[PDB]
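# Observations on the three-dimensional arrangement
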Amino acid sequence: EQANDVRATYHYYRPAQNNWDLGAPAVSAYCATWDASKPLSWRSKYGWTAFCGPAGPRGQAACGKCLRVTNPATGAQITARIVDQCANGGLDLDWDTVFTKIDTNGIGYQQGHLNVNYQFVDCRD
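Residues numbered from 1 in each chain as written, not as in the entry; some residues may be left out. Heavy atoms only, no water.

In the PDB archive, solution NMR is given as the structure determination method for this entry.

Pasting the structure below:
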């Protein structure tokens, strides 16, 4: 249920620009049918990456769960939502949500990848 020392990276195709709709033709993510329908606030308030990792079997029973992520580097932490898979190999719907906020200095953004840790959690919206 918990995973540490995983090399995370970020990748953007069509985010919030196209209201990051998980329904958008070339995306079609698992909980799109249920979360792409929530307004903007909530959606931009609570991040929404994927159910992946070397240790994260959580799909069918993950369409309404959240994921807490921590960054040893700063000690900062945040909570994202579980929605889709890892078409790239890990957390992708970031850029403004997780990475960008737990990266106070920018070391990750200028380099490309980072070493982070995470644990499955509740949303409590």
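Here we come to the sheet that holds strand β1 (residues 2-9). Reading across the sheet, the five strands line up as β1-β5-β3-β4-β2 and stay open at both edges, with mixed pairing between neighbours. Since the sheet does not close on itself, it has two edges, and those belong to β1 and β2 (49-50), each with one partner. (Pairing = 2+ DSSP bridges. Helix = DSSP H or I, 4+ residues; strand = E, 2+ residues; numbered from the N terminus.)

This part covers a nonpolar patch on the surface. Residues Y12, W95 and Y109 make up a contiguous nonpolar surface patch of roughly 350 Å² in combined accessible area. Mapped onto the elements of the fold, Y12 is located in the loop between β1 and α1 (32-35). Taking relative accessible area as the criterion, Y12 reaches 51% and is therefore assigned exposed. (Patch = residues over 30% accessible without salt bridge, like charges linked within 9 Å, V, L, I, M, F, W, Y side chains within 5 Å. Areas by Shrake-Rupley, 256 points an atom, 1.4 Å probe, with all protein chains shown as cover. Salt bridge = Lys/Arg side-chain N within 4 Å of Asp/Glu carboxyl O. Buried < 20%, exposed > 50% of the residue type's maximum accessible area, 1.4 Å probe, protein only.)

Next up on the list: the UniProt feature "disulfide bond" in the protein. Of the UniProt disulfides, the one joining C31 and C63 is intact in these coordinates, the sulfur pair sitting 2.0 Å apart. Pair noted here: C31 is in the loop between β1 and α1 and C63 is in the loop between β2 and β3 (66-71), with a separation of 32 residues, a long-range link. Judged by relative accessible area, which is 1%, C31 ranks as buried. For the UniProt disulfide pairing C66 with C123, the two sulfur atoms lie 2.0 Å apart, close enough for the bond to be present in this model. With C66 in strand β3 and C123 in the segment after β5 (113-121), this residue pair connects regions lying 57 residues apart in the sequence. Across this residue pair, the class does not change: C66 and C123 are buried. (Disulfide = S-S within 2.5 Å. UniProt positions renumbered as here; feature names shortened; annotations may be inferred.)

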